[PDB]
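Participant: This one's a deposited entry, sequence included:
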Amino acid sequence: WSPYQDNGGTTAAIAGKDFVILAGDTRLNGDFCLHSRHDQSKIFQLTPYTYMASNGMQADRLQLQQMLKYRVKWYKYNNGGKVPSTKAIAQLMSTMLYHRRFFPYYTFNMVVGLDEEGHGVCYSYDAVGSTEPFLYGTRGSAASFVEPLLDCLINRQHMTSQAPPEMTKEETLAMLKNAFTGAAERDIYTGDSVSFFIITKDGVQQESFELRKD
Amino acid sequence: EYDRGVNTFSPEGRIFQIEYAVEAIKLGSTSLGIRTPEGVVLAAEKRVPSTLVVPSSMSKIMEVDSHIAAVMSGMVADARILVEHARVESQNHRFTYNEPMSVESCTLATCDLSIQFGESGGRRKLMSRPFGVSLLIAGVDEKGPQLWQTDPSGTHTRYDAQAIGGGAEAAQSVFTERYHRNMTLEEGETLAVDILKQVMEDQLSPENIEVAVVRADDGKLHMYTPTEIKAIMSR
Amino acid sequence: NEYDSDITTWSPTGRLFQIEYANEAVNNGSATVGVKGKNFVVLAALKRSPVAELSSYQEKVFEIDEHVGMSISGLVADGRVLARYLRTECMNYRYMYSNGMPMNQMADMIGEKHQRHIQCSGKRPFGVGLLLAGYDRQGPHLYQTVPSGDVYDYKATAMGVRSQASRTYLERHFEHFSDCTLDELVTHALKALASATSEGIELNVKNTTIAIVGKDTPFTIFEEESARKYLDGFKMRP
Amino acid sequence: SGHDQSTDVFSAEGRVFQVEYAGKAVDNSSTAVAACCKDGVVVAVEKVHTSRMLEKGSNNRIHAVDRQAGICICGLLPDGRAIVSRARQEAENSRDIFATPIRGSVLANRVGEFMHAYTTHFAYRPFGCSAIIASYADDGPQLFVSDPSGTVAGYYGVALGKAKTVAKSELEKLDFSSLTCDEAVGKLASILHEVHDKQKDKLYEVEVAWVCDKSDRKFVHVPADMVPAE
Amino acid sequence: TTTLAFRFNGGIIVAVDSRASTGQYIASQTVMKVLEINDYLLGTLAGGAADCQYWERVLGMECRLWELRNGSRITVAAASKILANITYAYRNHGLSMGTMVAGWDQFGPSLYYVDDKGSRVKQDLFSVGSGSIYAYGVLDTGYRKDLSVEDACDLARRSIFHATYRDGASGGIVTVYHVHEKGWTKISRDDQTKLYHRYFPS
Amino acid sequence: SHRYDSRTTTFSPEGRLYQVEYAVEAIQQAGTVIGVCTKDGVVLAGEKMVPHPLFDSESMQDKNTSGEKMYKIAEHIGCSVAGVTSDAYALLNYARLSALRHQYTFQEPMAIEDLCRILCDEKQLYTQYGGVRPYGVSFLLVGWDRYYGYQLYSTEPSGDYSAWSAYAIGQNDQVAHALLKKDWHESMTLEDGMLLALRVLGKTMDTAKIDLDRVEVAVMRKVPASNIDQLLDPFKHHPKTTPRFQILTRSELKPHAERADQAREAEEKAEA
Amino acid sequence: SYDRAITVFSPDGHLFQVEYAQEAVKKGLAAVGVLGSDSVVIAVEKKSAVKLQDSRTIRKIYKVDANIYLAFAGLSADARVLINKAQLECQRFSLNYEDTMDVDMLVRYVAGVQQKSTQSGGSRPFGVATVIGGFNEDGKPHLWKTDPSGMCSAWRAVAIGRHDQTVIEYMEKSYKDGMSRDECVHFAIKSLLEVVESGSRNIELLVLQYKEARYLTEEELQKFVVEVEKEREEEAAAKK
Amino acid sequence: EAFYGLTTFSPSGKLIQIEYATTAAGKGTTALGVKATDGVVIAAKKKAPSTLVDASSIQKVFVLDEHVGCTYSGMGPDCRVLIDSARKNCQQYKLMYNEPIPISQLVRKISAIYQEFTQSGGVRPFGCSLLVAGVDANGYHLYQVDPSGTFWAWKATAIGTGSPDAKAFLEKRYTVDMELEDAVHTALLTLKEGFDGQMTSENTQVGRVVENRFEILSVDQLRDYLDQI
Ligand SMILES: Cc1nc(C)c(C(=O)Nc2ccc(F)c(-c3nc4ncc(-c5ncccc5C)cn4n3)c2)o1
């Protein structure tokens, strides 16, 4: 008996100019069986413009979500109703991840939200809290599949062709759908149905997308 | 006298110790604070015991953070520990949440200590008496320039123009008039220095008093040197 | 009188004089009035008035969770001690059972927290009274705590300085509250509150807070900004 | 002098004045009465409302302690709440450690023992409330009373409150050997209305609970339409 | 990881790569190795990114507190001893961090190296990391005290570039910082491959 | 309860600590003990109570550590006590433990001024915390160390100590003060020091023909070193002479007593 | 343990324990410390030479750190227990930061202890007021003064102990800014002696320069006390 | 929990609480003890409160170990505390040094509790004065502790009510070269001279330490001397 376990899954975000597309696959698998195909315990909404999407062990992320939600509530009560910013939430989460440094959380996290000037930004953490702000990013078992694909269509390196126009919500959504349909066909633990969260300034919308069930 | 304890209630409902500690405030040096759309201003009289003291050692205006200043009155022996507390809490809030603390949160963190008095130790060590000091915090956060006040009660109160210390009674008289809501920082300078001129037994000198200002656009604390106070008196 | 020196001393007439003094701390705080309807609860608190140009602003109304809230009266330096505890406990409960703590359980928690402080030597009673406002499966609840530790499930109440007139008004209209709607509830509450102010002072957005909590409505405080919907049209018609 | 200021001071005649002063505060509380009717127990308490806006169900003095035992606290309500919480901690232990419902007499003994640990120390004050414990365990119906002195005693019919003598003179003439709870819920309820004075308190209301075989040996509040109107 | 800093007549020069490899997979190519503690001190990140980030942020809180209390900037010799005590207290908890604190206090520039077991040395030439063994080679043979600020910055840039080229655990964007008496300024920040066709053209 | 609190540790309206003043007034009724610091030794001469006809002595082997008035704190530190007797033993045990723990840590004899400070901090500690009475006792420590040779300190029941060349505490100590400051010179040997002691002792309790049942003397000098076993630690330099605190019996005081009363009658014949 | 509140507020807002400590200070031995251009001097009253104190010397200006000296006024035992705390703090500081403690930080720590005493349970305030002089590691002579109330403050020529206000308000009108090394030793005596008896053997003086602090010997002090008494008698002949 | 002190100095410099405690420790029954070159004798007086007291069970001569005895005069319930701690300290010494504890260390240890209670917080001083006796490597001993904490190495002493006359009688009938039976006889004789009636074998209780051990006298052994004086 070891207190750790990996429940597979994957998540991936792309930040735009005034939005962020967050995506997480809804699939929960245990030791060798498949617990559920409707697992919605990956993407957790902290504030109306901030989300945390985490992979790894499921109990640890169900615990960390509550710890972060209560820290956000304390911050809201002490500051007279001022909902914290994405930057504050990301630094808070790093500090929280490092306190349990000797019996760690088995999660890999992303704090996806909007900055103050309106631009969207993503964060990425290790198991202990090495945060780094960035513009896209994927975590989970399907990381080494999706990351190099996005690296090649967004950064547009190694192509002697003038940079295309800035990608909008629909184009980014389609690109991320491509990435997930491609990763659901080569990873055994990934993909029964993915959930997309389009975070914009006038609130957030939500969509689903269906993959192969094998 | 020790007949009634530290936690006894008076027949009028107010605790004896906190009612006495508020009386000790009017024995101290006066102080001001004026909030304006451009910034906030904190003025105070050092009230040196002799002409020999190097006055820059009895600064009544302590910096709690690059955007949060605090002026006190009463017994300045305690106020230093309240200021170290506010500094530690503000630095923690910058270390954890990575952004400047809000002034009202600093005032909460100060009263949270100032309430913890009692006599029975048991689990936690307490203060044997309230702090005989009434702070006055001022700062600039996203909610604009803000001035908060604190009593030994543990009761924090946001204001627009307040006076503590001895000559605060006539100071509130000078306050009720001569103060609209949308003044200029220079107008606040003139008004505060006038008040100090009015309610002090000593003669107002650029080395006699201390003035600090926190401007909104800059968003930083800017303590005045004697020459700048001379520039204000010459107006 | 030498039988009020301690909180652990009974007068020959079986009286606790320290607690009878602590009640005078509530009887001298800012007036507040709570009114419970069929699906909504409305608290209306009278804050401090501006001195002709300057606005002193102190937090009397608190939110404890999505469905709870409390308006304190008396010494605020104790109201915060209790609001921190109530928030901590409603969070410890929402963490275990993932649902809002019922009012019938929170009132008892407040009662015990009070009573624990009126039986030892090195303690003192909280000189602060609460007006709890909540909504759960069983509908809206309006309590009122005193320093002695009691808790009273009320239909409509008022406490603070010169709150006797607020109660004298409320004890005529409190039979029709189960039918008056939200606007009518807030109007009854404001009319009852304005009956406790000074002579030449009237209610306006500058010196009134209105908190509301109901079935589909999380606890919302209302200050100057949107109080005008209930406050800008308001006359104390005798 | 000062010989009546703390609980750890015997008077010149060996009396602990502070506990007599405590009991004096119970002698001035709302009326309660109780009957052990050889097949169940019935407790009935007077609730004196100070306000006519009080919701029915507020300041209920009868609290359940286990499935079968209940406590009616005549006296200071907050202190009665502490005793009720302590009795609840004592009854849950026997249901946890010893896998058995706590016997009524043992519960009364423990509640008295806890009430008495506050009248020995110089740093506490005696509870200002007398408890009426009504239990029905596997040992039959039991009705005990605990005074602020910490002394417990089992009764057949007990009266407490401000009007305690005339309300006790009513219980002498019941039978208590053939008396059934189904009629006792009427008898005691009428006794309280007879003893209650109404030119002092304009608002009053009677709240009664019972535990017998009809309620599956469970301490519950009386069905609403079982108390006579007045 | 490759990190270097050397002292000369004109200040201190820090230079870093920007890559964080988790074994054989490259996590990111934009990690920021130079954590500016304050407006006067520079700390570098090598080893465990979590440990370095956390403890240098703690040190930047403590230097600011020191400045608030006494009213004077903290010195490098004391700002480096704080980190040495922090690290030495946890010498048996498995930290992994080697950092370099470089500053310009009121005793001229100072440059200390603080290890993960509490080691604390003061030299004028350091290069920590896994590609460090490739920096020293090109660093020791060109380093001399009297370098012009641009000549020394070029030495540091050309020395990191050779560590990024032979080592698989280093690369990305080479960044060069300068520490003088007025504070510190980021000199340059350039991609590792645009440097290759600039040093070995044709 | 808090109403019967005597509040020992409080400042009175005139900055005076009443309990410490009462301790001082308590020590004044205790037995007078004097101590003179010569150049080749230091003497403590005190007076013990009248011997009841039924008193016995604990037949103690090696009787050089504890007399009736003077005690030994370490191989090179002796002390004398004045005040509440049974309270002095707690501090005496504490001081023995202190002067042994320093030798456990540093392997060197603790110097008098270190110990005199380490047991006066204890006497002060009670004057500021705890709210219980202070130790109502006064000391006279005598001893030898390589730093200042023969030292002699004096203690107050308030934590303050002072180094004296010849001091006296107890009954009539203001008399022995004016008498010791009268006749004491630096060039005074040990045996002439002892003559100064008993002489001024008899004068303080008013006895002509000084008695040998009511007096106790303890001398602290250097004797030649004894147990130097150099063959068991060939790199340990043992000094050639070590200090030894020694309490005087009846057989060896009577020679010094007959010369004290003889000096008395000498300085008495010349009064006319 | 025993932690009953001792220092509590009076019906006028006066801490009786603190006022009573400040009264026990007034009954002590004076101590005058003045600040010069490149050296700071401190003079202590040295209660008396009673012809009975050990011929060996014992000092009354205590070395708190290699560059920070202290001179107390008040109750002696609490003074020693405070000096020991200060000496422990200096050595802990020059172990957590490798840098010698400045004067100002030591004054702040000692004033923190002083104040913590007046807000703790079961402890009365220290009855000591101290003068702390020293040099930072860049010259800059500093002179500070604490009170039993815990309010530290930096001065330029301070006196503590009995007849405090007399000496302060006398030597405030006779202090010239930027004195020389032999001016201070003359200005320290001439001001202190306004309270002490004419006896020249109850004065103990210390001069403190950058990286050097030496005590002035008996004949050195006599050379200056004679000059001081002559100037005072000349000022008297000028009075009349 | 009443951590402050009850006994405090007074303007005259007297721990007057200790004087009250020493008066309270002189009101009990009269005990006495004498020494001789062969051993020590302790003799108490079991004053029975009533004929229904079972004189067998009340005891005033307590064994502390194989070589030490004791007897008190004052508050019995207080003396139980000191006896219970003294036996523990006597067993802890044999545990660590494997040697019968000498009397002097035993008295120093139990005279350290008197003082610890005259200076602790929230406690009152003890009200009983002991009479320790016994043997060690350097002869026989008889000490007499007090509520103030002091102890004295007597040769023949008496405590309780009727002490100033019992010690006066002991001054005269003592002899420096007394054998042991002389001591038993003189103890019983000075008790009779102060006895209110005539003592029986169950109205007194003596303990005589002989050559290695304490051995409280039995009823028949005690009788054998009672009807011979
Ligand atoms: C003065 C001086 N001279 C030298 C040469 C040093 C030095 O080496 N100090 C140092 C101290 C602690 C560390 F922890 C490190 C350190 N640096 C690293 N860089 C990269 C990886 C790594 N990363 C990913 C995968 C695999 C590996 C091996 C690991 N480490 N460990 C380096 O100090």
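Facilitator: Noted; the coordinates are in hand. Residues are numbered from 1 along each chain as shown, chains lettered A, B, ... in the order given.

Participant: CA atoms for contacts and neighbours, from now on please.
Facilitator: Fine.

Participant: Of all the residues in stretch G:44-62, which ones are buried?
Facilitator: Neighbour counts using 16 or more other Cα atoms under 10 Å in any protein chain shown place G:44, G:45, G:46, G:52, G:53, G:54, G:60, G:61 of stretch G:44-62 among the buried residues.

Participant: got it, and stretch C:231-238?
Facilitator: Going by 16+ other Cα under 10 Å, stretch C:231-238 has these buried residues: C:231, C:234.

Participant: Check stretch A:21-32 too.
Facilitator: Neighbour-count burial for stretch A:21-32, counted by 16+ other Cα under 10 Å, picks out A:21, A:22, A:23, A:24, A:25, A:26, A:27, A:28, A:29.

Participant: if we take those, which one ends up nearest to chain G?
Facilitator: residue A:22 (47.0 Å; Cα to the nearest Cα).

Participant: Surely the closest one touches residue A:14?
Facilitator: Yes. Look at residue A:22 against residue A:14 with Cα atoms under 8 Å: they come within range, at 6.6 Å.

Participant: Helix or strand: which one has the closest residue in space to residue B:153 that isn't next to it in sequence?
Facilitator: The shortest distance from residue B:153 to any non-neighbouring residue, by Cα to Cα, 6 or more residues apart in numbering or on different chains, is to residue B:18 (6.0 Å). Using DSSP states H and E, the element containing residue B:18 is helix B:16-23.

Participant: go on, residue E:13?
Facilitator: Assigned by DSSP H and E, residue E:13 falls in strand E:11-16.

Participant: tell me which strands and helices the strand or helix carrying residue B:227 is in contact with?
Facilitator: For residue B:227, the element it lies in under DSSP H and E is helix B:226-233. Helix B:226-233 sits against helix B:185-198, with contacts defined as 3 or more Cα pairs under 8 Å, 6 or more residues apart in numbering or on different chains; DSSP states H and E.

Participant: Can you give the distance of the helix it packs on from its chain's centre?
Facilitator: How far helix B:185-198 lies from its chain's middle: 17 Å, per Cα atoms, centre = their mean, to the nearest Å.

Participant: Helix or strand next in line after that helix, which one?
Facilitator: Immediately after helix B:185-198, counting by DSSP H and E, sits strand B:209-215.

Participant: Show me the beta-bridge partners of residue A:51.
Facilitator: Counting by DSSP bridges, residue A:51 forms beta bridges with residue A:45, residue A:112.

Participant: thinking it is in contact with residue A:45, fair?
Facilitator: Yes. Using Cα under 8 Å, residue A:51 makes contact with residue A:45 at a distance of 4.4 Å.

Participant: List the contacts of the residue nearest to residue B:153.
Facilitator: B:130, B:152, B:153 (Cα atoms under 8 Å, 6 or more residues apart in numbering or on different chains).

Participant: what's the burial count for the last one?
Facilitator: Okay, so that is residue B:153. By the criterion of other Cα atoms under 10 Å in any protein chain shown, residue B:153 has 23 neighbours.

Participant: Check the first one too.
Facilitator: For residue B:130, the count of nearby residues is 26 (other Cα under 10 Å).

Participant: Let me see the contact set for it.
Facilitator: Residue B:130 neighbours (Cα under 8 Å, 6+ apart): B:17, B:18, B:21, B:114, B:115, B:117, B:152, B:153.

Participant: Would you mind checking those residues for buried ones?
Facilitator: For those, buried by 16+ other Cα under 10 Å: B:17, B:18, B:21, B:114, B:115, B:117, B:152, B:153.

Participant: can you redo the residues you listed as JSON lines with distance to residue H:195?
Facilitator: As requested, these are arranged in JSON lines below (distance: Cα to Cα, whole Å):
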{"residue": "B:17", "distance to residue H:195": "64"}
{"residue": "B:18", "distance to residue H:195": "68"}
{"residue": "B:21", "distance to residue H:195": "69"}
{"residue": "B:114", "distance to residue H:195": "70"}
{"residue": "B:115", "distance to residue H:195": "69"}
{"residue": "B:117", "distance to residue H:195": "63"}
{"residue": "B:152", "distance to residue H:195": "72"}
{"residue": "B:153", "distance to residue H:195": "72"}
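
Participant: quick one: which of these is nearest to residue A:153?
Facilitator: In terms of Cα to Cα, no member of those lies closer to residue A:153 than residue B:114, at 58.2 Å.

Participant: Next, count neighbours for the closest residue to the closest one other than its chain neighbours.
Facilitator: Leaving aside its sequence neighbours, residue B:114 sits nearest to residue B:154 (Cα to Cα, 6+ apart; 5.6 Å). Using other Cα under 10 Å, residue B:154 has 25 neighbouring residues.

Participant: Kindly provide the distance from residue B:154 to residue F:84.
Facilitator: 49 Å (Cα to Cα, to the nearest Å).

Participant: Over to residue G:11?
Facilitator: From residue G:11 to residue F:84 the distance is 40 Å (Cα to Cα).

Participant: what residues are up against the residue of chain G found nearest chain A?
Facilitator: Nearest to chain A, among the residues of chain G, is residue G:96, at 23.9 Å (Cα to the nearest Cα). With contacts taken as Cα under 8 Å, 6+ apart, residue G:96 has the following neighbours: E:78, E:81, E:82, E:85.

Participant: does the first one really touch residue G:99, like I thought?
Facilitator: Yes. The pair residue E:78 and residue G:99 passes the contact test of Cα under 8 Å, sitting 6.4 Å apart.

Participant: of the two, who's got more company?
Facilitator: Shown here are residue E:78 and residue G:99; by other Cα under 10 Å, residue E:78 has more neighbours (18 against 14).

Participant: what helix or strand is that one on?
Facilitator: Counting by DSSP H and E, residue E:78 is found in helix E:76-89.

Participant: Mind listing what's buried along the following helix or strand past that helix?
Facilitator: Remark: after helix E:76-89, the chain's next helix or strand is strand E:99-105, criterion DSSP H and E. By neighbour count with 16+ other Cα under 10 Å, strand E:99-105 contains the buried residues E:99, E:100, E:101, E:102, E:103, E:104, E:105.

Participant: want to throw those into CSV with distance to chain A?
Facilitator: CSV is the format used below for those (distance: Cα to the nearest Cα, whole Å):
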residue, distance to chain A
E:99, 16
E:100, 19
E:101, 20
E:102, 23
E:103, 25
E:104, 28
E:105, 30
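
Participant: if I look at the residue nearest to residue F:63 when sequence neighbours are not counted, how far off is chain A?
Facilitator: Residue nearest to residue F:63 in three dimensions, not counting chain neighbours: residue F:247, with 7.8 Å by Cα to Cα, 6+ apart. To chain A, residue F:247 is 65 Å away according to Cα to the nearest Cα, to the nearest Å.

Participant: ok, residue F:247 - contacts?
Facilitator: So residue F:247 contacts F:63, F:64, F:65, F:67, F:70, F:216, F:217, F:218, F:219 (Cα under 8 Å, 6+ apart).

Participant: same check, this time on residue A:55
Facilitator: Neighbours of residue A:55 in contact, by Cα under 8 Å, 6+ apart: A:7, A:8, A:9, A:10, A:11, A:42, A:61, A:107, A:108, A:109, A:139, A:140.

Participant: closest to chain D among those residues?
Facilitator: For these, the nearest to chain D is residue A:61 (33.6 Å; Cα to the nearest Cα).

Participant: May I have the secondary structure class of that closest one?
Facilitator: helix (DSSP: H, G, I helix; E, B strand; the rest coil).

Participant: Neighbours of the closest residue in space to residue E:6 that isn't next to it in sequence, how many?
Facilitator: Leaving aside its chain neighbours, residue E:6 sits nearest to residue E:125 (4.3 Å; criterion: Cα to Cα, 6+ apart). Residues lying near residue E:125 (other Cα under 10 Å) number 19.
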